[PDB]
Amino acid sequence: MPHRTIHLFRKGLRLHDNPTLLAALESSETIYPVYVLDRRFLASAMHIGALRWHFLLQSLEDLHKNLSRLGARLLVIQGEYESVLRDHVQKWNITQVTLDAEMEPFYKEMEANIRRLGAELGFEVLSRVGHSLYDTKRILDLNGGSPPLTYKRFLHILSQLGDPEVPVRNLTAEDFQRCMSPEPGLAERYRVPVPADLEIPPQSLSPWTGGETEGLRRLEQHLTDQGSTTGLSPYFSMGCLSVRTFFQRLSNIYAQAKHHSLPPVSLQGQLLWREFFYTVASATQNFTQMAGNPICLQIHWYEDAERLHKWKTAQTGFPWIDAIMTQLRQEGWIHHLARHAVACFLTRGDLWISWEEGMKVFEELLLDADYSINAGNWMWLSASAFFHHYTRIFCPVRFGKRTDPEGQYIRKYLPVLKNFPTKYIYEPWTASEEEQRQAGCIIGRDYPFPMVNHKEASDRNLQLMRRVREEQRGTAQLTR
Ligand SMILES: Cc1cc2nc3c(=O)[nH]c(=O)nc-3n(C[C@H](O)[C@H](O)[C@H](O)COP(=O)(O)OP(=O)(O)OC[C@H]3O[C@@H](n4cnc5c(N)ncnc54)[C@H](O)[C@@H]3O)c2cc1C
């Protein structure tokens with residue numbers, strides 16, 4: 001097998017169900033498994049917070065360990081990807097570069113530039129899809145060339161298409177005996193960087209740890225506990241876990257239960273929601289912004305950086321909202337309906353700030369930040385597309401009360417409020433100043449007053465949204 005190959009990890013930080021890396025190994029006599037850490041590229045394409053950096057480095061550490069157990073290695077190269085390739089195609093006499101066929105525009109542009117470099121330097125480029133359950137193009141073709149714009153229509157097209165693609169086999173020590181992974185000269189240059197190399201605090205405090213190994217453990221620990229959700233989203237978004245592998249595992253449980261257990265089928269539905277947004281995002285221009293986006297309602301959101309700042313820094317004065325944003329910032333993950341609460345509050349519900357700004361904050365702070373899922377759900381929660389019950393607005397006081405009447409979640413993440421009686425824990429501004437003194441927390445000093453009046457703001461915003469939907473009837477109809 002002739003090729004000397006670089007495989008470029010970008011997502012796909014796993015060895016199970018990795019069709020591109022498998023294709024690389026089957027076609028090559030020597031291989032260099034590489035992650036290019038390109039700060040200039042990421043600076044131009046992404047917003048990445050400290051917790052996300054920690055999860056990436058942990059996932060790279062684990063990938064290095066798993067490759068090393070098979071007689072190989074991970075090579076982390078720090079630089080601009082074009083210069084890195086010019087240098088290392090020469091150093092390693094490369095004839096093939098492999099990389100996953102990611103759908104993100106910034107990844108597609110990188111891929112286009114790498115293909116152009118291959119035409120110049122003399123390497124072929126091979127890609128396989130490792131991020132989706134289905135061949136997205138097949139879904140588009142069955143729907144006449146355009147993506148389904150409702151989940152119902154999406155499911156109808158999938159029922160014509162059939163089952164998802166199956167995972168490919170695991171990689172083995174024999175693969176790296178047939179296709180050798182040489183230790184390069186100057187190998188200390190290729191170590192996984194440590195947090196201080198990225199100027200981030202050294203200790204990661206997220207209850208999440210990156211990597212394929214922890215992803216697989218968590219997956220199996222969830223199914224055993226089932227005998228709160230999976231908490232697997234960061235592993236799917238980073239590629240530490242294959243959605244095809246998880247889909248098939250759920251099918252295995254359904255089969256062994258003689259088709260009598262529907263909970264695994266419900267969880268398969270969560271991955272179909274992921275696939276829905278990936279499919280729309282892959283075939284919709286300007287998907288992650290409002291202007292020029294053909295399915296997005298055009299809404300003149302306020303430019304009010306101070307409102308955004310208060311929301312982002314958990315200083316809205318609504319404890320339920322600030323507690324969620326605090327868990328997001330400190331841990332990097334929040335429950336689906338917690339995301340509903342704060343996204344509705346920021347956009348159509350209260351602050352009337354663009355969903356694009358909420359998306360960018362979530363991108364920075366979420367371990368599971370995902371181009372397609374995040375944009376799709378932010379359009380949903382702002383009632384810009386997909387969701388149309390705009391007279392229904394989450395109450396930033398009452399919603400948590402049903403869940404957690406005593407406010408234990410609030411007291412955990414906002415300990416300044418920990419001594420407030422539950423009668424005030426969701427609306428501490430209604431306490432008298434003397435009750436505030438007794439709780440040790442003066443509103444406006446230790447914890448802010450509420451930044452809007454929810455009743456007045458949501459009333460305002462309902463009238464604004466109604467004008468939008470009465471005028472842009474055709475746009476709203478696209479996703480209903
Ligand atoms: C405003 C907003 C922004 C969001 N941004 C993201 C994001 O950047 N990345 C992300 O992975 N999810 C995002 N979500 C979706 C959802 O909240 C998370 O997928 C889920 O909370 C992750 O927890 P889990 O793995 O326990 O989910 P589970 O319920 O265990 O679901 C299993 C998997 O299915 C997928 N999934 C579940 N719900 C959805 C959904 N509504 N849409 C798409 N895929 C779904 C995820 O890959 C998830 O890991 C967003 C939701 C909202 C409302």
# chains A, B, ... in the order shown; residues from 1 in each chain; ligands from 1
call {"tool": "residues_near_ligand", "arguments": {"ligand": "ligand 1", "cutoff": "7 Å", "atoms": "only C-alpha atoms and all ligand atoms", "output": "MDAnalysis selection string"}}
result
chainID A and resid 228:234 236:237 267 270:271 273:274 277 334:337 339:340 343 362:363 366 368:371 373:374 377:378 381
call {"tool": "write_last_selection", "arguments": {"atoms": "N, CA, C and O atoms", "output": "compact mmCIF listing (two decimals), in the first residue's frame"}}
result
# COMPACT_ATOMS: atom_id res chain seq x y z
N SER A 228 -32.86 14.43 34.29
CA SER A 228 -31.45 14.16 33.99
C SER A 228 -31.32 13.42 32.66
O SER A 228 -32.11 12.54 32.34
N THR A 229 -30.30 13.80 31.89
CA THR A 229 -30.13 13.29 30.53
C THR A 229 -28.79 12.55 30.43
O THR A 229 -28.22 12.21 31.47
N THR A 230 -28.26 12.28 29.22
CA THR A 230 -27.03 11.47 29.16
C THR A 230 -25.79 12.26 29.57
O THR A 230 -24.79 11.66 29.99
N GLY A 231 -25.80 13.57 29.40
CA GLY A 231 -24.59 14.36 29.56
C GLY A 231 -23.50 14.03 28.57
O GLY A 231 -22.32 14.29 28.86
N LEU A 232 -23.85 13.45 27.42
CA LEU A 232 -22.86 13.06 26.41
C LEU A 232 -22.58 14.14 25.37
O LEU A 232 -21.64 13.97 24.58
N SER A 233 -23.33 15.24 25.36
CA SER A 233 -23.21 16.21 24.28
C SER A 233 -21.79 16.70 24.02
O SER A 233 -21.45 16.84 22.83
N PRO A 234 -20.94 16.98 25.02
CA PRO A 234 -19.57 17.46 24.69
C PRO A 234 -18.77 16.44 23.91
O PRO A 234 -17.97 16.83 23.05
N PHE A 236 -20.01 14.12 21.77
CA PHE A 236 -20.49 14.12 20.39
C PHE A 236 -19.98 15.35 19.63
O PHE A 236 -19.62 15.25 18.46
N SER A 237 -19.94 16.52 20.29
CA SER A 237 -19.57 17.74 19.58
C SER A 237 -18.10 17.76 19.23
O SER A 237 -17.70 18.30 18.18
N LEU A 267 -34.28 8.19 23.03
CA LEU A 267 -32.94 8.77 22.99
C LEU A 267 -32.40 8.81 21.56
O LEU A 267 -31.69 9.76 21.19
N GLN A 270 -33.30 12.05 20.06
CA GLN A 270 -32.42 13.18 20.36
C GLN A 270 -31.34 13.32 19.30
O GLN A 270 -30.96 14.44 18.92
N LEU A 271 -30.81 12.18 18.82
CA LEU A 271 -29.79 12.23 17.77
C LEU A 271 -30.40 12.60 16.43
O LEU A 271 -29.70 13.13 15.56
N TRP A 273 -32.84 14.86 16.21
CA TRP A 273 -32.87 16.32 16.30
C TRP A 273 -31.52 16.91 15.92
O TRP A 273 -31.45 17.88 15.15
N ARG A 274 -30.43 16.33 16.43
CA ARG A 274 -29.10 16.75 16.00
C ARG A 274 -28.98 16.68 14.48
O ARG A 274 -28.55 17.63 13.83
N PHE A 277 -30.82 19.53 12.53
CA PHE A 277 -30.18 20.84 12.45
C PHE A 277 -28.92 20.78 11.59
O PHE A 277 -28.64 21.72 10.85
N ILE A 334 -25.17 23.03 30.76
CA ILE A 334 -26.44 23.26 31.46
C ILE A 334 -27.53 22.44 30.77
O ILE A 334 -27.44 22.13 29.58
N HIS A 335 -28.57 22.09 31.53
CA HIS A 335 -29.68 21.28 31.02
C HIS A 335 -30.39 21.96 29.85
O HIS A 335 -30.44 23.20 29.75
N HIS A 336 -30.97 21.14 28.96
CA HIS A 336 -31.72 21.63 27.80
C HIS A 336 -32.73 22.72 28.17
O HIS A 336 -32.79 23.78 27.53
N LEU A 337 -33.54 22.48 29.20
CA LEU A 337 -34.56 23.47 29.54
C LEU A 337 -33.98 24.67 30.28
O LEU A 337 -34.58 25.75 30.25
N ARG A 339 -31.20 25.96 29.14
CA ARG A 339 -30.86 26.72 27.94
C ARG A 339 -32.08 27.45 27.38
O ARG A 339 -31.98 28.61 26.95
N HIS A 340 -33.24 26.79 27.38
CA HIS A 340 -34.48 27.47 26.99
C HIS A 340 -34.70 28.72 27.83
O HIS A 340 -34.98 29.80 27.29
N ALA A 343 -32.06 31.60 27.04
CA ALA A 343 -32.10 32.07 25.65
C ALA A 343 -33.38 32.85 25.38
O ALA A 343 -33.36 33.86 24.68
N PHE A 362 -22.77 31.32 24.10
CA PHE A 362 -22.84 29.87 24.25
C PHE A 362 -21.65 29.19 23.56
O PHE A 362 -21.08 28.23 24.09
N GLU A 363 -21.26 29.69 22.39
CA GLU A 363 -20.11 29.13 21.70
C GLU A 363 -18.86 29.20 22.56
O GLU A 363 -18.08 28.24 22.63
N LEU A 366 -19.82 26.81 26.20
CA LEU A 366 -20.33 25.44 26.18
C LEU A 366 -19.24 24.45 25.76
O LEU A 366 -18.68 24.57 24.66
N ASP A 368 -20.03 21.63 24.74
CA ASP A 368 -20.62 20.96 23.58
C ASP A 368 -20.92 21.91 22.43
O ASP A 368 -21.63 21.50 21.50
N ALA A 369 -20.38 23.13 22.45
CA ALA A 369 -20.64 24.13 21.41
C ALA A 369 -20.58 23.49 20.03
O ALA A 369 -19.58 22.87 19.66
N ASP A 370 -21.67 23.62 19.27
CA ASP A 370 -21.80 22.94 17.98
C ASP A 370 -22.41 23.92 16.99
O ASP A 370 -23.50 24.44 17.24
N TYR A 371 -21.68 24.20 15.90
CA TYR A 371 -22.10 25.19 14.91
C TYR A 371 -23.57 25.05 14.52
O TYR A 371 -24.34 26.01 14.59
N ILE A 373 -26.06 22.90 15.82
CA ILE A 373 -27.07 22.75 16.87
C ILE A 373 -27.32 24.08 17.56
O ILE A 373 -28.47 24.45 17.85
N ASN A 374 -26.24 24.80 17.88
CA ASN A 374 -26.33 26.07 18.59
C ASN A 374 -27.08 27.11 17.75
O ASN A 374 -28.03 27.74 18.24
N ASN A 377 -30.88 26.02 17.51
CA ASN A 377 -31.65 26.20 18.74
C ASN A 377 -31.75 27.67 19.14
O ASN A 377 -32.72 28.06 19.80
N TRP A 378 -30.79 28.50 18.76
CA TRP A 378 -30.94 29.91 19.08
C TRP A 378 -31.99 30.57 18.20
O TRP A 378 -32.71 31.47 18.66
N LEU A 381 -35.28 29.41 19.93
CA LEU A 381 -35.63 30.06 21.19
C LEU A 381 -35.94 31.54 21.03
O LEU A 381 -36.62 32.11 21.88
call {"tool": "residues_around", "arguments": {"residues": "residue 345 (chain A)", "least_positions_apart": "6", "cutoff": "9 Å", "atoms": "only C-alpha atoms", "output": "PyMOL selection string"}}
result
chain A and resi 311+321+351-352+393-396
call {"tool": "atom_distance", "arguments": {"atom1": "CA of residue 59 (chain A)", "atom2": "CA of residue 312 (chain A)"}}
result
26.7 Å
call {"tool": "residues_around", "arguments": {"residues": "residue 75 (chain A)", "least_positions_apart": "4", "cutoff": "8 Å", "atoms": "only C-alpha atoms", "output": "compact mmCIF listing (two decimals) with N, CA and C atoms, in the first residue's frame"}}
result
# COMPACT_ATOMS: atom_id res chain seq x y z
N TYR A 32 1.08 9.55 9.93
CA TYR A 32 1.35 10.55 10.96
C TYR A 32 0.02 11.09 11.45
N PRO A 33 -0.47 10.64 12.61
CA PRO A 33 -1.76 11.16 13.11
C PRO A 33 -1.52 12.51 13.77
N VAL A 34 -2.09 13.56 13.20
CA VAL A 34 -1.71 14.94 13.50
C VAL A 34 -2.93 15.74 13.93
N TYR A 35 -2.76 16.56 14.96
CA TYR A 35 -3.71 17.63 15.26
C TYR A 35 -2.96 18.95 15.12
N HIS A 64 -3.84 10.74 22.34
CA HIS A 64 -2.43 10.34 22.32
C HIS A 64 -2.22 9.02 23.05
N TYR A 190 6.08 17.85 19.43
CA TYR A 190 4.74 17.38 19.07
C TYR A 190 3.93 16.91 20.27
N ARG A 191 4.36 17.25 21.49
CA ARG A 191 3.61 16.91 22.68
C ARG A 191 2.30 17.69 22.75
N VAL A 192 1.32 17.10 23.41
CA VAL A 192 0.08 17.85 23.67
C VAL A 192 0.41 19.01 24.61
call {"tool": "residues_around", "arguments": {"residues": "residue 4 (chain A)", "least_positions_apart": "5", "cutoff": "12 Å", "atoms": "only C-alpha atoms", "output": "list in words"}}
result
residues 24, 25, 26, 27, 28, 29, 30, 31, 32, 33, 88, 89, 90, 91, 92, 93, 94, 95, 96, 97, 98, 122, 123, 124, 125, 179, 180, 181 and 182 of chain A
call {"tool": "write_last_selection", "arguments": {"atoms": "C-alpha atoms", "output": "tab-separated table (two decimals), in the first residue's frame"}}
result
chain	number	residue	atom	x	y	z
A	24	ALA	CA	-5.85	6.34	5.76
A	25	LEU	CA	-4.54	3.19	7.43
A	26	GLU	CA	-5.81	0.85	4.73
A	27	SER	CA	-4.14	2.87	1.96
A	28	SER	CA	-0.78	3.72	3.53
A	29	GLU	CA	2.58	2.23	4.51
A	30	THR	CA	3.30	4.96	7.05
A	31	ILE	CA	1.05	7.41	8.85
A	32	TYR	CA	1.35	10.55	10.96
A	33	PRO	CA	-1.76	11.16	13.11
A	88	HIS	CA	5.88	18.48	7.04
A	89	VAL	CA	4.95	17.23	3.56
A	90	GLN	CA	8.64	17.88	2.85
A	91	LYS	CA	9.86	16.44	6.16
A	92	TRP	CA	7.85	13.21	5.89
A	93	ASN	CA	7.66	12.83	2.07
A	94	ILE	CA	3.86	12.81	2.25
A	95	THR	CA	1.72	11.65	-0.69
A	96	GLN	CA	-1.74	11.72	0.91
A	97	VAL	CA	-3.52	13.92	3.44
A	98	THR	CA	-6.71	12.65	5.02
A	122	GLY	CA	1.91	16.40	-4.83
A	123	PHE	CA	-0.45	14.81	-2.31
A	124	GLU	CA	-3.92	13.38	-2.80
A	125	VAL	CA	-6.68	14.37	-0.37
A	179	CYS	CA	0.89	0.94	8.37
A	180	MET	CA	3.69	2.11	10.62
A	181	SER	CA	3.47	5.28	12.72
A	182	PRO	CA	7.10	6.47	12.86
call {"tool": "residues_around", "arguments": {"residues": "residue 240 (chain A)", "least_positions_apart": "5", "cutoff": "6 Å", "atoms": "only C-alpha atoms", "output": "PyMOL selection string"}}
result
chain A and resi 13-14+211-212+235
call {"tool": "write_last_selection", "arguments": {"atoms": "N, CA, C and O atoms", "output": "CSV table (one decimal), in the first residue's frame"}}
result
chain,number,residue,atom,x,y,z
A,13,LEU,N,-12.0,13.1,17.3
A,13,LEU,CA,-11.0,12.8,18.3
A,13,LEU,C,-11.3,11.5,19.0
A,13,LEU,O,-11.5,11.4,20.2
A,14,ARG,N,-11.2,10.4,18.2
A,14,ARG,CA,-11.6,9.1,18.6
A,14,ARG,C,-10.9,8.1,17.7
A,14,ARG,O,-10.6,8.4,16.5
A,211,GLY,N,-12.3,13.5,26.2
A,211,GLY,CA,-11.7,12.3,25.7
A,211,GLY,C,-12.7,11.2,25.3
A,211,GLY,O,-13.7,11.0,25.9
A,212,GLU,N,-12.2,10.4,24.4
A,212,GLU,CA,-13.0,9.2,24.0
A,212,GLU,C,-13.2,8.2,25.1
A,212,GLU,O,-14.3,7.6,25.3
A,235,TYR,N,-19.0,15.1,24.2
A,235,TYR,CA,-18.2,14.1,23.5
A,235,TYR,C,-18.7,14.0,22.0
A,235,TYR,O,-17.9,13.8,21.1
call {"tool": "residues_around", "arguments": {"residues": "residue 12 (chain A)", "least_positions_apart": "4", "cutoff": "10 Å", "atoms": "only C-alpha atoms", "output": "ChimeraX atom specification"}}
result
/A:8,16-21,99-100,102,129-131,212,235-242
call {"tool": "atom_distance", "arguments": {"atom1": "CA of residue 405 (chain A)", "atom2": "CA of residue 338 (chain A)"}}
result
15.5 Å
call {"tool": "atom_distance", "arguments": {"atom1": "CA of residue 214 (chain A)", "atom2": "CA of residue 243 (chain A)"}}
result
15.4 Å
call {"tool": "select_by_dssp", "arguments": {"residues": "region 264-352 of chain A", "states": "alpha helix (DSSP H)", "output": "ChimeraX atom specification"}}
result
/A:264-282,305-312,319-331,336-344
call {"tool": "residues_around", "arguments": {"residues": "region 82-87 of chain A", "least_positions_apart": "2", "cutoff": "9 Å", "atoms": "only C-alpha atoms", "output": "short mmCIF file (atom, residue, chain, number, x, y, z; two decimals) with N, CA, C and O atoms, in the first residue's frame"}}
result
data_model
loop_
_atom_site.label_atom_id
_atom_site.label_comp_id
_atom_site.auth_asym_id
_atom_site.auth_seq_id
_atom_site.Cartn_x
_atom_site.Cartn_y
_atom_site.Cartn_z
N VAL A 36 -3.41 19.79 14.20
CA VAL A 36 -2.80 21.11 14.02
C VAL A 36 -3.52 22.09 14.93
O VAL A 36 -4.72 22.34 14.75
N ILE A 77 0.89 19.68 16.30
CA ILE A 77 1.75 20.68 15.66
C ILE A 77 1.10 22.04 15.85
O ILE A 77 -0.06 22.24 15.48
N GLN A 78 1.86 22.99 16.40
CA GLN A 78 1.35 24.34 16.63
C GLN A 78 1.84 25.25 15.52
O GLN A 78 3.05 25.46 15.37
N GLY A 79 0.91 25.77 14.72
CA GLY A 79 1.24 26.72 13.67
C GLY A 79 0.07 26.89 12.73
O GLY A 79 -1.01 26.32 12.94
N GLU A 80 0.29 27.70 11.69
CA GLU A 80 -0.72 27.85 10.64
C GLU A 80 -0.74 26.61 9.75
O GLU A 80 0.31 26.11 9.34
N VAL A 89 4.98 18.03 4.78
CA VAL A 89 4.95 17.23 3.56
C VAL A 89 6.38 17.00 3.07
O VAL A 89 6.74 15.91 2.62
N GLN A 90 7.23 18.03 3.19
CA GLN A 90 8.64 17.88 2.85
C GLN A 90 9.35 16.97 3.84
O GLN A 90 10.05 16.03 3.45
N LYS A 91 9.16 17.22 5.14
CA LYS A 91 9.86 16.44 6.16
C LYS A 91 9.55 14.95 6.05
O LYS A 91 10.45 14.11 6.20
N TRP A 92 8.28 14.60 5.82
CA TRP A 92 7.85 13.21 5.89
C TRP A 92 7.56 12.61 4.51
O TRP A 92 7.10 11.47 4.43
N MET A 110 -10.86 25.54 4.96
CA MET A 110 -9.60 24.86 5.25
C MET A 110 -9.40 23.67 4.32
O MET A 110 -8.32 23.50 3.73
N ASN A 113 -8.45 24.81 0.85
CA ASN A 113 -7.06 25.26 0.77
C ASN A 113 -6.09 24.09 0.84
O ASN A 113 -5.03 24.13 0.19
N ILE A 114 -6.42 23.05 1.60
CA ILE A 114 -5.56 21.88 1.66
C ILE A 114 -5.59 21.13 0.34
O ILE A 114 -4.56 20.62 -0.12
N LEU A 117 -3.34 23.01 -1.94
CA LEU A 117 -1.96 22.71 -1.60
C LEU A 117 -1.54 21.34 -2.12
O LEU A 117 -0.41 21.15 -2.58
N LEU A 121 1.83 20.52 -4.19
CA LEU A 121 2.93 19.82 -3.53
C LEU A 121 3.00 18.35 -3.88
O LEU A 121 4.03 17.71 -3.62
#
call {"tool": "closest_residue", "arguments": {"among": "A:468, A:54, A:353, A:120", "to": "residue 303 (chain A)", "atoms": "only C-alpha atoms"}}
result
A:353
call {"tool": "closest_residue", "arguments": {"among": "A:225, A:61, A:135, A:275", "to": "residue 151 (chain A)", "atoms": "only C-alpha atoms"}}
result
A:275
call {"tool": "closest_atom_pairs", "arguments": {"of": "region 238-342 of chain A", "to": "region 425-447 of chain A", "cutoff": "10 Å", "atoms": "only C-alpha atoms", "output": "tab-separated table"}}
result
residue	atom	partner	partner_atom	distance
A:315	CA	A:447	CA	7.7
A:316	CA	A:447	CA	9.3
A:317	CA	A:447	CA	6.8
A:318	CA	A:427	CA	6.8
A:319	CA	A:426	CA	5.7
A:320	CA	A:426	CA	6.5
A:321	CA	A:426	CA	9.6
call {"tool": "write_last_selection", "arguments": {"atoms": "N, CA, C and O atoms", "output": "tab-separated table (two decimals), in the first residue's frame"}}
result
chain	number	residue	atom	x	y	z
A	315	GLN	N	-25.58	38.76	36.00
A	315	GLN	CA	-25.94	39.92	36.80
A	315	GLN	C	-27.25	40.51	36.32
A	315	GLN	O	-27.42	41.73	36.29
A	316	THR	N	-28.21	39.65	35.95
A	316	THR	CA	-29.52	40.13	35.53
A	316	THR	C	-30.41	40.54	36.70
A	316	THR	O	-31.37	41.29	36.49
A	317	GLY	N	-30.13	40.05	37.91
A	317	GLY	CA	-31.02	40.30	39.03
A	317	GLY	C	-32.17	39.32	39.16
A	317	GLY	O	-32.97	39.46	40.09
A	318	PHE	N	-32.28	38.35	38.23
A	318	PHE	CA	-33.22	37.24	38.32
A	318	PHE	C	-32.43	36.01	38.72
A	318	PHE	O	-31.70	35.46	37.88
A	319	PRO	N	-32.54	35.53	39.97
A	319	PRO	CA	-31.66	34.44	40.43
A	319	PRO	C	-31.70	33.19	39.58
A	319	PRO	O	-30.66	32.57	39.35
A	320	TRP	N	-32.90	32.77	39.14
A	320	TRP	CA	-33.01	31.61	38.27
A	320	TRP	C	-32.13	31.78	37.04
A	320	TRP	O	-31.39	30.86	36.66
A	321	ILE	N	-32.18	32.96	36.41
A	321	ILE	CA	-31.38	33.23	35.21
A	321	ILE	C	-29.90	33.29	35.56
A	321	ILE	O	-29.05	32.71	34.87
